[PDB]
Amino acid sequence: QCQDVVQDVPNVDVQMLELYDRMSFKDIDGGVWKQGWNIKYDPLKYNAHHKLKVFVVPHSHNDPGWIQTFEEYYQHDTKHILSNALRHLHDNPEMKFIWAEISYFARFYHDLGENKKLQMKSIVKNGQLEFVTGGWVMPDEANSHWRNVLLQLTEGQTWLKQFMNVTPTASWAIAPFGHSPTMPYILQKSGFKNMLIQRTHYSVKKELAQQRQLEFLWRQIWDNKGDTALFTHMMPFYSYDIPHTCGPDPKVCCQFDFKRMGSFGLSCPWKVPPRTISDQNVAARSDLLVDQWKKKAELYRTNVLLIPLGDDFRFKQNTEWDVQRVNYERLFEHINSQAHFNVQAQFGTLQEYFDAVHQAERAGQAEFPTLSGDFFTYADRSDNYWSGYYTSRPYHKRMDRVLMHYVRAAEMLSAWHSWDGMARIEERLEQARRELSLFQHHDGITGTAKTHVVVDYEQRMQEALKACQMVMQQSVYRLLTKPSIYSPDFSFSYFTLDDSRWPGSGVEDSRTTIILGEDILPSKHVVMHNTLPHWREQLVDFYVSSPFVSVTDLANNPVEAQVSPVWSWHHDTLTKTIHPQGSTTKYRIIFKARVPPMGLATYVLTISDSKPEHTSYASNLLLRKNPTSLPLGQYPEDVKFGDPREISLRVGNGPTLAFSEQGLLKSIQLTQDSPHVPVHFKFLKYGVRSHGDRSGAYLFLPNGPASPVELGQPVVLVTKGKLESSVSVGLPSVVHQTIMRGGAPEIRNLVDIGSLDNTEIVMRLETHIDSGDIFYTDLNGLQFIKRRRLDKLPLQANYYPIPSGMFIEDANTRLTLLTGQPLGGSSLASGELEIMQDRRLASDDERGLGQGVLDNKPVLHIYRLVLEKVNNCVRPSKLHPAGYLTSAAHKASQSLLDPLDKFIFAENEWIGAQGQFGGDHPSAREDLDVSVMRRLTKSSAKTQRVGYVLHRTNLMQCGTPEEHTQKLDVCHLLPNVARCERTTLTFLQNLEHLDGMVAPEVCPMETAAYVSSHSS
Ligand SMILES: *[C@@H]1O[C@H](CO)[C@@H](O)[C@H](O)[C@H]1NC(C)=O
Ligand SMILES: [Zn+2]
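FYI, the numbering used here numbers position 1006 of the sequence shown as 1025, with every residue one higher than the one before it.
As structure tokens, this is what we get:
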């Protein structure tokens, strides 16, 4: 019996939206604890029978790229940290150390000799070195897709299981800029029992500290029962550094960072240095430190206290290891032997802390509050809200989503077969998984790294994309070639991928033209892949060398097609206009491809002398004053010209869209009779303050509300076809395109902020929808959370991550904007949605980057815009913290994130070609996805194993019967199944042995993993 995720409002002790509504967010000087209060404790609270147990947990924050590349940091810092950790922990059996970033650890371990590898395994086995989380990285939680968060977790933990024989059940997230409940969701379904977070709004820290609610059972916003709950520890202070982790007073704590005495080139900003602990000072030093501890202990419910001891790239030098260890050893010996302190202090690990906490809990010493919600948007001080990185480096943000999909497609396409080692499938896939996983780092996708580091991430992702293409194309060739004919060269390109949207038209001329000709090649095979587990029809396009091309399927059935020109926009530095030029030698052919669930479908493009029967040609209308001619070679329809004017378009029986004379949407009419609903696109700009704090890669600090971009009299291009129409306009910084295929329009923005310093470009939608102060944004492409605009907070605080979609609604109408890339956005007034396109910032914003953002490049952002009637929809009550997509909006999101893949046959003739693969695959219910299909065994394994991650979303019931689908049982997708098991999401632990080898489908909002075993 599935939990109902719509109708029952969870009863929880803290609900973060409710908390937000109540809190005053005053930023007052709380004293030595600047954002708290002077903590008082009763010295009689602890005694002989009730001691304070203190765990000091040494750690070292290692960024996989930030100010230096991954390899640069590894060479200069991390390899030394790990080498000296091995030595010092080996030699000092009571010393402890926690490690988070497996990308660095794997890099190090593989360079070790066998002697050292064994020493390393020993200190892990004995508990001295403990892995926390065990992901490839410590990912950003704002921009990251849940699928990639899982990918990187799996990458690190699979490595740890194989080489260290351990799987972390405690998570450590000290650094992501705000925190998402997507983390406890994934972690709890991956065997975790505890997690730790740090970067939350200073006001939230204060509020929760006051109620001792810094430790909580974090459940999902829709979870009535509490089964998703994961124990969470929120750190109470401003930083994870040593001054902000011993207790409330950094002036005191800094004195217990023994790296800060001078020889290391570090010091205490509070002007009192650390002093070496001696017999003459240990009593006084201990009195100071124990007092700090006991103050921190006031903020929590048990007699077990966590004291992290670390900072960025700490525990490098041998001398640093000694200086920290020896001084702390002296403090522990004194403190533990002075009964009057009633403290037992020691080095410990994160798991040890959590174990002792739950022992206190079980002894009836504490009960913990329940909590739901998220921890965006983070501010570490004053009005410095970290909403800028929701948008920074948007090119690579978009790239992340493209690579996300190519990794899935490559792993899925290649999973169907076992491959010979010589094929290098596993090699290429591991590379792709690792480069994407690396980019999930909280300085990767966030766009907060130095210019040369961003370049490194981009290069790595480009290599991953090539790896995916190689795997995908070899897989297509095998799946669609008669087996007795199949003769692979594992280095040969049988197909090239054709991608219409990445890097995108106007970004890179990368697409190949299918060159046909009576005197060279009459025809060309193309293949579409559909990674979704349901039948899909979708328009696909290819470049061809002639407009006289027709399409057939592999049964030679004619397929209706449309040919359009290839239009490119040019900032004409002579006329000072932005205007389109048409190709005279290549054309776009568009047709509907119909592709099996998780399958393949083949089509043939054939040239003729004249207009083919089943091919139509789009009309084109250029709207501008002072037109010049636009010849189009063989294209059979002459371009038409006119003065700027309002226009209306309708494709198929879909919506009718009206545009302004500047080429921007002004209204949508859903059906013939229905109203023309005001929906207006507008481009505006935010600036930067000329006094006080400046915006940078992290911070969004606007100098007031956005000002409209002055548009002049822009050139508007209207293309009208039977299958696809569009309106495109050359705006300053943006070629804005609205594309229509008979349903929700697609929006593409080619964004080039050029040399506009201290500017952020925003795309806004203005409607009449009576949303008031409510809007919805998603978390990690997993769930939609209710947002409430708060005027008591500054503009930038009302910006949230838009990792994949946002909506506003009233009783009757909803507008949903879906994205192909994470960007920052808000609803700043009733009826509005807005989302940032790019930002170019001259100054550094004081968080350590030491540069602005002046490395912008052209990016093609993609969207779907869904206007819907929702009055018949069964929606959550007004008190529910969640929202849910409709079927239409969810399908539009899928179109952006997981489109059909397109393959062009490279050679002249494809001998033994087949028309279809997967025609017999079950077409599963629309709310179910096979998020991951991955073969887990190499070819030499007698028992083959294939892992599946199934995700079921929740779609609103709006009265559409939408019925008759087949049960998807992933365990029978490959033949000769011998066993079927439910696993953790990482595939690392078997949870359930499945009757009849049948994998059940999952509940709405649930995610499960299954592994099928095959004897043949
Ligand atoms: C892996 O750890 C387990 C306990 O979880 C132990 O039984 C097994 O021997 C270990 N594998 C080794 C030491 O190779
Ligand atoms: Zn970091």
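Cβ coordinates follow ideal geometry from the N, Cα and C atoms, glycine included.
For ligand 1, a non-hydrogen atom lies closer than 7 Å to the CB of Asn-184. Here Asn-162 is not near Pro-980, since their CB atoms are 8 Å or more apart.
Sixteen is the threshold: when 16 or more other Cβ atoms of the shown chains lie within 10 Å of the Cβ of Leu-148, as they do, the residue is buried. The C-beta distance from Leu-71 to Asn-322 rounds to 6 Å, short enough to meet the 8 Å contact threshold. DSSP, read as helix, strand or coil, puts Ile-923 in strand.
In its chain, beyond the 5 residues on either side, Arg-954, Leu-955, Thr-956, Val-1030, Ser-1031, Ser-1032 and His-1033 have a beta carbon closer than 8 Å to the beta carbon of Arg-964. DSSP assignment within the segment 79-104 yields the following whole alpha helix (DSSP H) runs of 4 residues or more, N-terminal first: 89-92. When Cβ pairs closer than 8 Å are counted between the two stretches, the segment 920-940 is seen not to touch the segment 964-974, the count staying below three. Around the beta carbon of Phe-509, fewer than 16 other beta carbons lie within 10 angstroms, which makes this residue exposed. For the pair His-544 and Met-157, the Cα-to-Cα distance works out to about 44 Å. Rounded to the nearest whole angstrom, the CA to CA distance from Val-670 to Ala-637 is 12 Å. The segment 431-439 and the segment 820-840 do not touch, with fewer than 3 CB-CB distances between them shorter than 8 Å. Excluding sequence positions up to five before and after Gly-652, its CB lies within less than 7 Å of the CB of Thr-603 and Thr-604, all in the same chain and listed in chain order. By the Cβ-count criterion, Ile-539 is exposed, with fewer than 16 other Cβ atoms from all chains shown falling within 10 Å of its own Cβ. DSSP places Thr-173 in the uninterrupted alpha helix (DSSP H) bounded by 165-183. It is roughly 36 Å from the alpha-carbon of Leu-249 to the alpha-carbon of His-880.
DSSP places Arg-1001 within a strand segment (E or B) once states are collapsed to three. Following the DSSP letters along the chain, one finds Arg-954 in no alpha helix (DSSP H) but inside the beta strand (DSSP E) bounded by residues 947-954. Residue list for ligand 2: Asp-82 and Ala-194 (CB closer than 5 Å to any heavy atom, chain order). For the pair of segments examined, the segment 849-857 was found to touch the segment 786-798: the number of CB pairs separated by less than 8 Å reaches three. Remark: C-beta atoms of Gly-749 and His-598 approach each other more closely than 8 Å. For the beta strand (DSSP E) assignment, the uninterrupted runs of no fewer than 3 residues enclosed by the segment 665-740 are, from N- to C-terminal side, 666-669, 675-678, 684-688, 696-705 and 735-739.
Taken in chain order, the whole beta strand (DSSP E) runs of length 3 or more contained in the segment 501-564 are 514-516, 542-549 and 555-563. At a Cβ-Cβ threshold of 8 Å, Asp-268 and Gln-311 count as neighbours. Using a 10 angstroms sphere on the CB of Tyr-606, the tally of other CB atoms reaches 16 or more, which defines it as buried. Secondary structure of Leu-484 (DSSP, three-state): helix. Contact check for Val-426 against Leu-801 fails: the beta carbons are separated by 8 Å or more. Counting C-beta pairs closer than 8 Å gives three or more between the segment 24-41 and the segment 388-403, which meets the contact rule. Bridge partners of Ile-296 according to DSSP: none are assigned. Secondary structure of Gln-493 (DSSP, three-state): helix. In chain order, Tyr-123 and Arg-126 place their CB closer than 7 Å to the CB of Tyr-93, counting only its own chain and leaving out the 5 sequence neighbours on each side.
For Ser-433, the uninterrupted alpha helix (DSSP H) segment begins and ends at 413-434.
Sixteen is the threshold: when 16 or more other Cβ atoms of the shown chains lie within 10 Å of the Cβ of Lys-314, as they do, the residue is buried. Under the Cβ criterion (8 Å, minimum of three pairs), the segment 505-521 counts as touching the segment 489-496. Annotation for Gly-618: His-548, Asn-549, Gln-935, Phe-936, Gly-937, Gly-938 and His-940 place their beta carbon closer than 8 Å to its own, counting only its chain and skipping 5 residues before and after.
Counting C-beta pairs with one atom in each stretch, the segment 715-734 and the segment 801-820 have three or more that are closer than 8 Å, which means they touch.
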